[PDB]
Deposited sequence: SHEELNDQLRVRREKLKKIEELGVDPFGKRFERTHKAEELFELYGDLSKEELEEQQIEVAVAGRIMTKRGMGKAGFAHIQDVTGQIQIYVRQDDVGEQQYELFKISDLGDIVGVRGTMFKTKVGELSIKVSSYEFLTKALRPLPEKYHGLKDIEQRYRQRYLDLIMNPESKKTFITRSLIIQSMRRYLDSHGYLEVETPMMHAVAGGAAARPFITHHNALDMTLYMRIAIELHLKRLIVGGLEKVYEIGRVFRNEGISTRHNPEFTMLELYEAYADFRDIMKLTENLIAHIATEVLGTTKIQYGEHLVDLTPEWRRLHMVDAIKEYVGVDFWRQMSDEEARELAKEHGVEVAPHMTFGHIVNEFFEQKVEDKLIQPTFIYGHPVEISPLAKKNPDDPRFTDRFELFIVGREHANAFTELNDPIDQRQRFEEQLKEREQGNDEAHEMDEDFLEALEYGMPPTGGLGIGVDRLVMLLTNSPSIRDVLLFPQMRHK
């Protein structure tokens, strides 16, 4: 019992046809958004308004209604807010009034009429024509997170704070393309279906092309095709697009997410550090009007210049172990054991250094920080640091304790690039099933010559989380991937 009123709504549908109305509407032209009427006419008195007879036409979903007698009111909601309509049978006539009376919460209508103020003072529209636009067969639920994510639409109608996050997300990506376009980076589109899933260390989604009878992998990264565009002489390219990773959900991961990948010939990772803080600072200024923002319990300062800290120096500062020292893989393992860092059988010194960083340091980096110099074994596409080849000129950007970007001075030496892949294939033998695969095609492109280049990848959803103060990626995705 209770939802039996579903029969009541179903009933109200045929009655509307009997009134001779299309219960699902026709086009309806409007003159204004609810918020505009307030902004334009909110300060005119009841008298100045009857005086000016402003005609307007608006449409929206009925959120509240109080009829009775031969006149009633209702609050109608458009994407900008609600506006009260006053409907009297003496104005709209018998027929349209019956339509108003039979109208229910959830139903969508359009009206033409004049701006007016009741004796209570609430700006309203004194209706001259009432148009039924669409019958809601179910009532809007009673004002869980299951529903907000599984039925985003109800969340968007009932929770203004949620709809603004999505509008800001739009502004953020728009702001991003604007900066990137004005700085000469060419926007491009590369394949999301790959012969070989490469460009990152991740598990791919596998699919099949019936006609070509070929196995394809949804891309886990945009990197290798953008490098082919740098060999192509395109110099500055970027792509803000979807990438897919066959991994579980979390407050920071969605299997399909949005990544910005960007390449710039003749720059190195220090140049990309400057670009990354400037871009982001550009975006926060443009959308929030300030680079000082609040995220959860933190006051995060996005004002460039951001802190630069070598991964090894970070481990020294936050744990006290000094990996600058040349040591054997076993000594690294002993250290791991002593400090509670979990390590896998395919791991050697380099991987272990990164585990110390991930497991004991990461969550402590609240202010924007470029952690750089990642060990060569976890950076198969980055160029080795000329002074200490155990590390590469790579950096990751951390803020509020989490990874927001990855970037590097690109490895453009095909011989060295082929060896990194051989090293990865070996690791896969020892069980690292996220190790990159061989991609002969990519190697042959490199062999035609790729100029020294600086590359960058930003998790766009995570940046949006940060700039809208969303605790979870599920809050910045219209339709997050649900379990079950």
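Subject >> Missing segments of the deposited chain sequence, listed N- to C-terminal >> reply: Those stretches are 1-3, 147-151, 493, listed in order.
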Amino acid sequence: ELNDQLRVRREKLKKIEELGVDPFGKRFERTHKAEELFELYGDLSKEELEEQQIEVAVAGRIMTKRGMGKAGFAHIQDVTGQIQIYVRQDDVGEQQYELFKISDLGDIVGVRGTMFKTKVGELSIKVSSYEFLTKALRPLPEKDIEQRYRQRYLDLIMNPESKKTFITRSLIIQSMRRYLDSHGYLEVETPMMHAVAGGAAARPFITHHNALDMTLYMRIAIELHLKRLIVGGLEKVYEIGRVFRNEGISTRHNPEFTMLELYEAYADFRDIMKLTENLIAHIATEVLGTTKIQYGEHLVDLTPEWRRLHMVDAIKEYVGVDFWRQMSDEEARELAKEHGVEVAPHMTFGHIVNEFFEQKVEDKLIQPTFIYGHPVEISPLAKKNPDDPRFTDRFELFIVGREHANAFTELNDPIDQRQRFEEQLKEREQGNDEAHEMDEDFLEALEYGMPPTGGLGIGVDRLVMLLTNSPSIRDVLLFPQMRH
From here on, numbers count along this sequence of modelled residues.
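Subject >> Which of 84-92 and 276-284 has higher mean CA B factor, as the PDB entry lists it >> reply: According to the entry, 84-92 carries the higher average C-alpha B-factor.
Original post:
Higher mean Cα B-factor in the deposited model: 112-120 or 401-409?
Top reply: Comparing 112-120 with 401-409, the higher mean C-alpha B-factor belongs to 112-120.
**OP:** Among the candidates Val58, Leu456, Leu44, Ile62, give the one with the maximum CA B-factor reported in the record.
**Re:** Of the candidates given, the C-alpha B-factor peaks at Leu44.
**OP:** Among the candidates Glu142, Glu256, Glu189, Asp329, give the one with the maximum CA B-factor reported in the record.
**Re:** Out of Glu142, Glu256, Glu189, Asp329, the record gives the largest C-alpha B-factor to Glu142.
Original post:
Going by the entry, which third of its chain does the Cα temperature factor of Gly20 land in?
Top reply: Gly20: CA B-factor falls in the highest third of its chain.
Original post:
When the modelled residues of the chain are sorted by Cα temperature factor, does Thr168 land in the lowest, middle or highest third?
Top reply: It belongs to the lowest third of the chain when residues are ordered by C-alpha B-factor.
**OP:** Using the B-factors in the PDB entry, rank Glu297's C-alpha atom against the chain and give the third, lowest, middle or highest.
**Re:** Tercile = highest for this residue's CA B-factor.
Subject >> Third assignment of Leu137 from its chain's C-alpha B-factors >> reply: Answer is middle: the recorded C-alpha B-factor places it there.
Original post:
Should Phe244 be placed in the lowest, middle or highest third of its chain by the C-alpha B factor in the entry?
Top reply: It falls in the bottom third of the chain.
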